[PDB]
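Structural overview for review
Below are the chains, spelled out letter by letter.
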2 protein chains.
Amino acid sequence: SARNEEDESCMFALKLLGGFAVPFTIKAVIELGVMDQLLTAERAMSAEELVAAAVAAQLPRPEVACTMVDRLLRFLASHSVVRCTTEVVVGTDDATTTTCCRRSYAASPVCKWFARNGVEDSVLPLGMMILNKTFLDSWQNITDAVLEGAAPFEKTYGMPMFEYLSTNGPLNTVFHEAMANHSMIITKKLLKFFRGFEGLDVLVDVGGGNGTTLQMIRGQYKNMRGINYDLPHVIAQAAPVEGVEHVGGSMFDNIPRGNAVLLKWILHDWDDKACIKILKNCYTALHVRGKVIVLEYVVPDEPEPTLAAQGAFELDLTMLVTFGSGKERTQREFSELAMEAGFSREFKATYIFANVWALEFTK
Amino acid sequence: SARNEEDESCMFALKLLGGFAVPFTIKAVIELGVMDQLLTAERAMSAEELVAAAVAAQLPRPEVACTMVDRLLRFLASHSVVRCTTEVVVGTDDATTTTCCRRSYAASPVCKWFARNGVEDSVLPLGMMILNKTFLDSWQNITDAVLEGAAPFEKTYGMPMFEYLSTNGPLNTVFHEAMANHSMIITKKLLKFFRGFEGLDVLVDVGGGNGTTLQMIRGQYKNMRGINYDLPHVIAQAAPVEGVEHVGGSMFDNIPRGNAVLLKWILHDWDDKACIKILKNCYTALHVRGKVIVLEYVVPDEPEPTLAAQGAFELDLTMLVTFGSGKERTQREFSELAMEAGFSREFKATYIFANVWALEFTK
Ligand SMILES: NC(=O)c1ccc[n+]([C@@H]2O[C@H](COP(=O)([O-])OP(=O)(O)OC[C@H]3O[C@@H](n4cnc5c(N)ncnc54)[C@H](O)[C@@H]3O)[C@@H](O)[C@H]2O)c1
Ligand SMILES: NC(=O)c1ccc[n+]([C@@H]2O[C@H](COP(=O)([O-])OP(=O)(O)OC[C@H]3O[C@@H](n4cnc5c(N)ncnc54)[C@H](O)[C@@H]3O)[C@@H](O)[C@H]2O)c1
Ligand SMILES: Oc1ccc(/C=C/c2cc(O)cc(O)c2)cc1
Ligand SMILES: Oc1ccc(/C=C/c2cc(O)cc(O)c2)cc1
Ligand SMILES: [Cl-]
Ligand SMILES: [Cl-]
Ligand SMILES: [Cl-]
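Each value, and the rule that gives it
Residues numbered from 1 in each chain as written, not as in the entry; some residues may be left out. Chains lettered and ligands numbered in written order. Heavy atoms only, no water. Axes fitted to C-alpha atoms, helices over the stretch in contact; angles between N-to-C directions. Helix = DSSP H or I, 4+ residues; strand = E, 2+ residues; numbered from the N terminus. Parallel < 35°, antiparallel > 145°, perpendicular 65-115°, else oblique. Left-handed = near helix turned anticlockwise from the far one by under 90°. Contact = heavy atoms within 4.5 Å. Nonpolar A, V, L, I, M, F, W, Y, C, P; charged D, E, K, R; others polar. Pairing = 2+ DSSP bridges. Buried < 20%, exposed > 50% of the residue type's maximum accessible area, 1.4 Å probe, protein only. Salt bridge = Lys/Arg side-chain N within 4 Å of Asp/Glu carboxyl O. Near = heavy atom within 4 Å. Polar contact = N/O pair within 3.5 Å; in protein donor to acceptor, adjacent residues only side chain to side chain. Areas by Shrake-Rupley, 256 points an atom, 1.4 Å probe, with all protein chains shown as cover.

Within the PDB entry, the label attached to chain A reads stilbene O-methyltransferase, and the organism entered is Sorghum bicolor. Under its PDB record, the entry appears with the title "SbSOMT in complex with resveratrol and nicotinamide adenine dinucleotide(NAD+)".

1. Focus on the packing of helix 5 (residues 62-78) of chain A against helix 15 (residues 307-323) of chain B
Axes are the key here: two packed helices are described by the angle between their axes and the distance separating the axes. Direction vectors running N to C along helix 5 of chain A and helix 15 of chain B enclose 155°, while the axes themselves pass 9 Å from each other. The orientation of helix 5 of chain A with respect to helix 15 of chain B, classified from their angle, is roughly antiparallel. For the pair helix 5 of chain A and helix 15 of chain B, the crossing hand works out as left-handed. Between helix 5 of chain A and helix 15 of chain B, the contacting residues are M68, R71, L72, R74, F75 and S78 of chain A on the first element and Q310, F313, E314, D316, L317, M319 and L320 of chain B on the second. Of the residues assigned to the contact of helix 5 of chain A with helix 15 of chain B, the class counts are 7 nonpolar, 2 polar and 4 charged.

2. Here's the deal with the sheet that holds strand 9 (residues 347-353) of chain B
All names here are of chain B. Strand order across the open sheet formed by 7 strands is 6-5-4-7-8-10-9, with mixed pairing between neighbours. Single-partner strands in this sheet number two, and they are strand 6 (244-248) and strand 9. The sheet shows a mean angle of 20° between the axes of neighbouring strands, taken without regard to direction. Packed on one face of the sheet, helix 12 (residues 212-220) meets strand 4 (202-206), strand 5 (225-230), strand 6 and strand 7 (260-264) and runs near 150° to strand 4.

3. Things to note about the environment of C66 of chain A
Residue and element names in this part refer to chain A. With respect to the secondary-structure elements, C66 resides in helix 5. Residue classification places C66 among the buried residues on the basis of a relative accessible area of 4%. It is 6.9 Å that separates the C-alpha atoms of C66 and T96, two residues lying 30 residues apart in sequence. With residues up to four places along the chain from it excluded, the contact list for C66 reads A47, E48, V51 and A95.

4. Quick notes on the pattern of salt bridges
Summed over all chains, the structure comprises 31 salt bridges over all chains. Linking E148 of chain A and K155 of chain A is a salt bridge whose minimum nitrogen-to-oxygen distance equals 2.5 Å. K155 of chain A sits in the partly exposed class, given a relative accessible area of 37%. When salt bridges that share partners are traced, they join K133 and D137 of chain A together with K133 and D137 of chain B into one network.

5. Description of the site of ligand 1
Residue and element names in this part refer to chain A. By nearness alone, 15 residues border ligand 1, and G249, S250, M251, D271 and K277 come closest of all. Within the contact set of ligand 1, a nitrogen atom lies 3.0 Å away from a backbone nitrogen or oxygen of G249. Within the backbone of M251, a nitrogen or oxygen atom sits 2.9 Å from a nitrogen atom of ligand 1. If ligand 1 stood free it would expose 820 Å²; the protein chains cover 62% of that surface.

6. With respect to the site of ligand 3
As a matter of local geometry, ligand 3 sits amid 13 residues, with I130, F175, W265, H268 and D269 of chain B nearest to it. Near ligand 3, residues from chains A and B are present, making the site a shared one. Between an oxygen atom of ligand 3 and a side-chain N or O atom of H268 of chain B, the distance comes to 2.8 Å. With respect to ligand 3, the side chain of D269 of chain B contributes an N or O atom lying 3.3 Å from an oxygen atom. Only helix 6 (124-130), helix 11 (169-193) and helix 15 of chain B provide two or more residues apiece to the shell around ligand 3. Here the shell around ligand 3 takes 3 residues from helix 15 of chain B, the largest share from any one element.

In structure tokens, the structure reads:
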């Protein structure tokens, strides 16, 4: 009992230190093409069967590849990421790590989110960014960054992340593909569950990229016109989109005038002082009865041990790593920034999807 | 609800991809000195108090340091690693990330396992190895290593781990300190929970280092003599230990004669053929009724979703990453190695601590 408490404590400590193993194993199973074979399978498949289906090339050590994949999948099975069944081996099977016993694996429902197909909703492009080595290396440098009051990313690479992307075309692509993926999913869910675009004549999308988000919204709200507001080098590359003015500039200088401003994953990149500048520009830009629509996660008031709360605090540490002073906020924190920027004590919150809320502040 | 099912599924997918954040956060809290302040505190302490207690040097941006630490500990609290209490701030406090509310933190029981200073009951040296950048970087190269049937470490660094350690003095130290730490903990638990040293006249300790393990065992069993059998260059550096003879040699060539041979975390580094060679050298070194004592994890016959099983399969993946063909084994697998090496069909297993079993095979 006391023996067992000591034992359980030590095992929990080791579990806490080893949490990187699941993500890194999933990454390999995806990259090998094995996850996609699980996703299109009609039945449970052995590691040998999955390797044969995923990998076109002749392998130099095919049995060793098979036994390594078996071990990767066994581990994922113990975490319920895949389903496993075990059958007795008749004869010799060198493609299982256990001579006696052959495992076959099937996808769990969660695995659809790892689809490379793209056809239904997947978060694989976002996951490619989450586990990108460039970004992961920053997490090893938190200590020194904290002692300097700096972003771990900047301590690691010597410049802010957004500048770094200008210097690294491949990472720039990873980052933009991740953002576009998350944006597509959230915009679809917004159109299903959120009613705050009703009645709007003009929506200003800050960071609107090539105008795809506005295009999708305008598709549900045919009367609405859009202002796609983004940096000049972005706006330069945007093709014409029906009903949308592409406008270049900086949101710290000015925001175009409209009936609502959309801020999707913008404010969490910035400290309070910077957020108040943005929101003051929103305030001055809006017409009366106008709204800022903020699409962000919302951290709870206290550190609750729920899946949703842990997710929000994990994004907070991602913002800490990436930006230092970027951060996730509580509902109260968002309201306080809004009030500092001049908005009224009128607050709407609508839950959208995957920890994202739509928060609305009104002039 | 199909909506809520889809939402939970997606959040779960993201949780699975992000599991590295907790280990990296724990590493930073340890490195900063904050964890050791939690361990010695008399009461809950704010991030500001903890940074003041942990960091003697003046910081360039001390308020930013404190808010970052607050965010690291808030995340850990959401994972039950520390306890958190929240009190209303009177005045203005800019060393909490939430200006309304100041959190204070206290160690949970698990935190004692992260203690510095080589203290009683810590796995910190082992943890240093677990989260070492050189060793972690191999986990990014699993896909390509599988395709070649190679160890990820060897794919990453261009040679096996044991060879590479010879060329990297800091990493060699990290490795040996980790092994020594785990050995110390397990040896103390053995002396508490394991019977099998009783009646032994001579115990051979393969990989016995400087003879510390045999020294501890002799502490309890005064009439037992020890042979410390390690690589010649390790033996060269071992100071005399009463009742222990230091002997240099390859365990692949032979093993010194004794009443028992101890193999701790040896077999799991090696494939079946290499294990059978070691155990056959053990068999020749023993007389009838001599024993091999194997200290290893034991993986279950099916991938059970337990804390214990997940820990054993995680070590299996560590072996895959480090050695490729090193692996964790089932009880059946260990029995089948012993019988191949000539041992009798006579098998004892005693659970020790932190997933380690003592398995005994008899000649
Ligand atoms: N970061 C801080 O510590 C902090 C604190 C207070 C205020 N600020 C304000 O933020 C500035 C930092 O930015 P900068 O000087 O490089 O200016 P900038 O206008 O070039 O903006 C830099 C970043 O802002 C974002 N951005 C700007 N306009 C945007 C738009 N229309 N759509 C989408 N994203 C847009 C982009 O991500 C870009 O990389 C400070 O100089 C100050 O004005 C910063
Ligand atoms: N896979 C195998 O069967 C295998 C592997 C390596 C060496 N060997 C044989 O061993 C002989 C010597 O070759 P080598 O010098 O390259 O091997 P070695 O003696 O260096 O042994 C290889 C590894 O075994 C471990 N080791 C060896 N003896 C040990 C001991 N007493 N205590 C703890 N760890 C120990 C070390 O990690 C070492 O790096 C050769 O005959 C070789 O073929 C066989
Ligand atoms: O939780 C844990 C995580 C990792 C480890 C590693 C152990 C280990 C043991 C060896 O003999 C060699 C090695 O290179 C690594 C143990 C426990
Ligand atoms: O589960 C998740 C893990 C990581 C992320 C990262 C989001 C993100 C958002 C930004 O606006 C900028 C950025 O650099 C990163 C989101 C979800
Ligand atoms: Cl092969
Ligand atoms: Cl520009
Ligand atoms: Cl400061």
